[PDB]
Amino acid sequence: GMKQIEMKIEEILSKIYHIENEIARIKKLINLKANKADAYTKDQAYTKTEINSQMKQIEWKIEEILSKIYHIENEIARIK
Amino acid sequence: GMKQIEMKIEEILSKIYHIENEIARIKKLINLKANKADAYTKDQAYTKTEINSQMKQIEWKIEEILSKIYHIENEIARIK
Amino acid sequence: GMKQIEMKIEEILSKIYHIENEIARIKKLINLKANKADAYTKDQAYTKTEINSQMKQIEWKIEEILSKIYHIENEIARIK
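Residues numbered from 1 in each chain as written, not as in the entry; some residues may be left out. Chains lettered and ligands numbered in written order. Heavy atoms only, no water.

Turning our attention to the side chain of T47 of chain C. Turning to its location among the elements, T47 of chain C is positioned in the loop between α1 (2-31) and α2 (48-79). Take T47 of chain C: its relative accessible area is 16%, and that puts it in the buried class. In contact with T47 of chain C, not counting residues within four places along its chain, are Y40 and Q44 of chain B. (Helix = DSSP H or I, 4+ residues; strand = E, 2+ residues; numbered from the N terminus. Buried < 20%, exposed > 50% of the residue type's maximum accessible area, 1.4 Å probe, protein only. Contact = heavy atoms within 4.5 Å.)

As structure tokens, then:
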């Protein structure tokens, strides 16, 4: 009965040691993860697609502007 | 005394089993978190507000440009 | 032999208690980390440098436009 208990104590001490190592590993894994406080949520930042869409809109207005300028330069050349 | 020790062994084995489970859960939770290496910090990316402010400044220059163009088109029409 | 086992049970219960506390701490650390689902990967967002580069390109086209407009206004003034 007493030798029995001893073998169970050994089993428990091994498991505890294995657990302590798992916990050490877990801590290191946690330190490689980004904190809420350092990362931007999706609400707080635009995606690449959203930015592309806004840049596109600007690009179209720039093209409209350039076509109008070219048309004006032409009108002026005809006046001269 | 020996039955006492036995009841404590049972308690310990239950706690250990419960701990092992907790650790299994924890690992899975960790895998749903973003790594520092894959996420952008706040100083590496602009917020929506910061982007809005920069887009606004561009828009004001566009409005100035378009007013000037419209005005020029009118000056030309009057010349013709 | 039996008092020996008792002192080992105490030693084990202390380790278990210490482990439980480590796990409690770990859980709280995990809740301060950003979830993949709430953060943007680097693939999904532009950096400040990337945005600056795109803004700069727009600003250069705006400068070119404003110089052309000024030049045009002057040509028109000379015609009148």
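Back to the text.
Taking 1.5 Å of rise per residue, the 30 residues of helix α1 (residues 2-31) of chain A would be expected to cover 44 Å, and the 44 Å separating its terminal C-alpha atoms lies within 8% of that figure. Looking at α1 of chain A, one finds that the buried residues are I5, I9, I12, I16, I19, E22, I23, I26 and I30 of chain A. On its buried face, α1 of chain A sits against α1 (2-31) of chain B together with α1 of chain C. (Expected span 1.5 Å × (residues − 1).)

All right, on to the interface of chain C and chain B then. Facing the 39 residues of chain C at the interface are 44 residues of chain B. Both sides together, the interface formed by chain C and chain B hides about 3600 Å², and carbon and sulfur atoms give 71% of it. Along the contact surface separating chain C from chain B lie 4 salt bridges. In this structure, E22 of chain B and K27 of chain C form a salt bridge, with 2.6 Å as the shortest nitrogen-oxygen distance. At the junction of chain C and chain B, the tally comes to 15 residue pairs in polar contact. When contributions to the side of chain C that touches chain B are tallied by element, the ones reaching two or more residues are α1 and α2 of chain C. (Buried area = accessible area lost by both parts, 1.4 Å probe. Salt bridge = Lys/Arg side-chain N within 4 Å of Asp/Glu carboxyl O. Polar contact = N/O pair within 3.5 Å; in protein donor to acceptor, adjacent residues only side chain to side chain.)

Moving on to the relation of the copies chain C and chain B. Each of the two chain copies goes to the other by way of a rotation about an axis and a shift along it. Note on the identical chains: chain C maps onto chain B by a rotation of 119° and an axial translation of 0.0 Å, with an RMSD of 0.4 Å. Read as a symmetry element, the transformation amounts to a three-fold axis. Scanning chain C for the C-alpha nearest the rotation axis identifies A34 of chain C, at a separation of 3.2 Å. (Least-squares fit on C-alpha atoms.)

What follows deals with the domain arrangement of chain A. We note that the domain assignment places domain 1 (1-33) and domain 2 (46-80) within chain A. Computed from C-alpha coordinates alone, the two centres of domain 1 of chain A and domain 2 of chain A are separated by 68 Å. (Domains from an automatic or database assignment.)

For the rest of this paragraph, the subject is the interface of chain A and chain C. In this assembly, 40 residues from chain A lie in contact with 41 residues from chain C. Between chain A and chain C, the buried area comes to about 3400 Å², and carbon and sulfur atoms account for 72% of it. If you sort the residues of chain A by the area they bury against chain C, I30, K42 and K48 of chain A come out on top, with a joint share of 18%. A salt bridge links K80 of chain A to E75 of chain C, with the shortest nitrogen-to-oxygen separation between them at 2.9 Å.

Let us now look at the pattern of salt bridges. Under the definition given, this model contains 16 salt bridges over all chains. In this structure, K61 of chain A engages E59 of chain B in a salt bridge whose closest nitrogen and oxygen atoms are separated by 3.7 Å. Residue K61 of chain A is found in helix α2 (residues 48-79), and its partner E59 of chain B is found in helix α2 (residues 48-79); the two belong to separate chains. Its relative accessible area of 26% is what places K61 of chain A among the partly exposed residues.

It is worth spelling out α2 of chain B at this point. All names here are of chain B. The end-to-end C-alpha separation of α2 is 46 Å, in line with the 46 Å expected for 32 residues at 1.5 Å each. Turning to α2, its buried residues are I51, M55, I58, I62, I65, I69, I72, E75 and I76. Of the residues flanking the start of α2, the one acting as N-cap is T47, its side-chain oxygen 3.3 Å from the backbone nitrogen of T49.

Let's shift gears to empty space enclosed by the protein. For the coordinates displayed, the defined rule picks out 1 cavity of 30 Å³ or more. Estimates place the volume of the largest cavity at around 150 Å³. If you go around the largest cavity, you meet 16 residues; those closest to its centre are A45 of chain A, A45 and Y46 of chain B together with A45 and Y46 of chain C. Of the residues in the lining of the largest cavity, the class split is 15 nonpolar, 1 polar and no charged. (1 Å grid on protein atoms, 1.4 Å probe; cavity = no way out; pocket = protein on both sides within 12 Å on 5 of 7 lines; lining within 4 Å. Points joined across faces, edges and corners; volume = space filled by probe spheres on them. Nonpolar A, V, L, I, M, F, W, Y, C, P; charged D, E, K, R; others polar.)

Close contact between α1 of chain A and α1 of chain B brings their axes to 10 Å; oriented N to C, the two are set at 20°. Considering their axes alone, α1 of chain A and α1 of chain B lie roughly parallel with respect to each other. Where α1 of chain A crosses over α1 of chain B, the handedness of that crossing is left-handed. Grouping the constituent residues of the contact of α1 of chain A with α1 of chain B by class yields 20 nonpolar, no polar and 6 charged. (Axes fitted to C-alpha atoms, helices over the stretch in contact; angles between N-to-C directions. Parallel < 35°, antiparallel > 145°, perpendicular 65-115°, else oblique. Left-handed = near helix turned anticlockwise from the far one by under 90°.)

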